[PDB]
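First up is the structure itself, then whatever we jot down about it.
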Ligand SMILES: [K+]
């Protein structure tokens, strides 16, 4: 089945994975250097052996495509994937007044009394970002995230580069280019970042009228992260092919450190006992072509029939 | 044998490689996305099925390690790998006076009368860079090449980052870091470059006291280039391990576009009929440890016993 490479990567990390310690202070079994490909003509790689929220991957990628860096658009779509990063800034700000939220992460995962007050301040944080325009502009804007790196890379002469917009024009004018690369790794920002991009860079490739994309991921959470990472980039490969009047090829996912947290063992073992169903189909709006002006409604996933979602603890 | 992955990559491009046109206007059989690993504990990956000049790979890597960007150091070591790039600038300069050297590349490869005058101007160019200090400083300095990208990345606030020097300190203080990345791809320089780096980025990894490195190469000349590319990075993996008091692991070579030029077919087929000999051994100076102050004499290759060199035309 189409998602077999993922299941295979999970097995490999189980057998050959070396216990390696991590930042979150949770253990991990790890492997360095791996590569899997998905032929996008055989279907969309959204895992069927576990239910993955496509709306989350869809709204987030659009947020990226718009070059947007403000949580506000995500929250409007009930997408809380980035709330944590924005909320941190609020909390550590001189104008923040409320309970102590020091290390609210692996403190909420412990104490239920704290976890409760944590979901309060955040609920409030999300409400202000959503309705207070100056608030959103100050704590709702993350600044250096994918939308900015892809569409507004800052130059030393104070200008901004639309990396992605430029490369798309290159695919139109020089399909056979081996320089169709978009980087998200900036040496001057990386040392001051809380999270240097996990998805370092990607390269497009065209041959026989088919567009392919290879992603280099420096670190990956085999269980919780990877199912999403695959769908985002396979989705991106689809949007660009659509804009460039091309056909889809393969999505090649290359890994640096691929790991499985120690508290995802029973869950990963359970998913593995499941039998892949046929992959869904992605359908895009044929009338609209400027992918930068695409909305939720323009992308539709047909025939997704997954097994129940598998709950697991997050590492912090 | 240790170099089998290379021979296998050559076969794969022969069978499955799709004819794809290239910049040099020479054809190529290509594949997108490939990955091979070399266990550095089993030997050094300098190909034995064909003689590769280790002195060239050694002097060039040192030039990189010093953060040097001037052809002068290379020429002093009889290393002409970069002469072409520097020579171009000379020729297209207002102070250049001599024969027309327009497209001296695929013009020298044709006309023997021109090729002869070409080797004259260049001979002179190399002599001036070598003895005239102000000349070297003006046409001998390439500026944006690996030494500068690795050791003196320019920031928007007019400073320079020693990417490589910083990461090495990170391996010493945080071996288990998944952020040990060195990029050579700068979005603001790439569009004005004659050759955006082919070796985009690499990542280090440590586990069980062993250092590994993964290289992401956007474009690769399977026949002429790759044999060198492997030796440079396996060599770099060795120098850093030496400086960090670590043991060597594997060198993982990941590819975007891996191609074989149409005029290297008979040669690649011939190399394939050869039988790999045992890999050589690399030996480094045990007394010296600052790898940035390493000289030719500090690195020695024992037991290299190759088949004769295979001559082939360069694509331009
Ligand atoms: K970069």
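Chains as they are written, first to last, in the entry's author numbering: chain A, 1 to 316; chain A', 1 to 316. A prime marks a further copy of an entry chain. The beta carbon of each residue, even a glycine, is placed where N, CA and C say it ideally should be.
Distance CB(residue i)-CB(residue j) smaller than 8 Å
i: residue 252(A); j: residue 140(A); result: no
i: residue 322(A'); j: residue 223(A'); result: Nothing can be reported for residue 322(A'), as the shown portion of chain A' is limited to 1 through 316.
i: residue 74(A); j: residue 59(A); result: yes
i: residue 182(A); j: residue 202(A); result: yes
i: residue 32(A'); j: residue 214(A); result: yes
i: residue 83(A'); j: residue 122(A'); result: yes
i: residue 65(A); j: residue 292(A); result: yes
i: residue 210(A'); j: residue 246(A'); result: yes
i: residue 219(A); j: residue 178(A'); result: yes
i: residue 197(A'); j: residue 43(A'); result: no
i: residue 301(A'); j: residue 54(A'); result: yes
i: residue 267(A'); j: residue 310(A'); result: yes
i: residue 240(A'); j: residue 299(A'); result: no
i: residue 199(A); j: residue 242(A); result: no
i: residue 62(A'); j: residue 232(A'); result: no
i: residue 276(A); j: residue 3(A); result: yes
i: residue 144(A'); j: residue 193(A'); result: yes
i: residue 318(A); j: residue 24(A); result: Nothing can be reported for residue 318(A): it is not among the residues displayed for chain A, which extend from 1 to 316.
i: residue 184(A); j: residue 149(A); result: yes
i: residue 244(A'); j: residue 161(A'); result: no
Whole-number beta carbon distance between residue j and residue i, since they are thought to touch under 8 Å
i: residue 30(A'); j: residue 312(A'); result: The pair is not a contact, with the Cβ atoms about 17 Å apart (cut-off 8 Å).
i: residue 48(A'); j: residue 308(A'); result: Going by Cβ atoms, the distance from residue 48(A') to residue 308(A') rounds to 11 Å, so no, they are not a contact pair.
i: residue 56(A'); j: residue 249(A'); result: Not a contact, Cβ separation roughly 25 Å.
i: residue 234(A); j: residue 5(A); result: The Cβ separation is near 12 Å, so there is no contact.
i: residue 316(A'); j: residue 106(A'); result: 4 Å
i: residue 272(A); j: residue 7(A); result: 6 Å
i: residue 205(A'); j: residue 256(A); result: 7 Å
i: residue 35(A'); j: residue 254(A'); result: 5 Å
i: residue 317(A); j: residue 125(A); result: Since the first and last residues shown for chain A are 1 and 316, residue 317(A) lies out of range.
i: residue 142(A); j: residue 85(A); result: 6 Å
One or two residues paired with residue i in a DSSP bridge
i: residue 376(A); result: Lying outside 1 to 316, the shown extent of chain A, residue 376(A) is not represented and no answer is given.
i: residue 258(A'); result: 31(A'), 220(A')
i: residue 37(A); result: 252(A)
i: residue 76(A'); result: According to DSSP, which records beta bridges pairwise, residue 76(A') is partnered with nothing at all.
i: residue 141(A'); result: 70(A')
i: residue 283(A'); result: 300(A')
i: residue 154(A); result: 160(A)
Near ligand 2: residue i beta-carbon under 7 Å from a heavy atom
i: residue 183(A'); result: Looking at this structure, you won't find ligand 2 anywhere; what it does contain is ligand 1.
Can you list the beta strand (DSSP E) stretches of 3 or more residues lying completely in the stretch 171-250 of chain A, in chain order?
-> As far as the stretch 171-250 of chain A is concerned, its whole beta strand (DSSP E) runs of at least 3 residues are 181-183, 199-207, 210-221.
Cβ pair count under 8 Å reaching 3, the stretch 186-194 of chain A against the stretch 152-163 of chain A' | Because the criterion of three Cβ pairs below 8 Å is met, the stretch 186-194 of chain A and the stretch 152-163 of chain A' touch.
Would you list, in sequence order, the uninterrupted alpha helix (DSSP H) runs of no fewer than 4 residues that lie entirely inside the stretch 110-138 of chain A'?
-> DSSP runs (the alpha helix (DSSP H)) wholly in the stretch 110-138 of chain A': 112-131.
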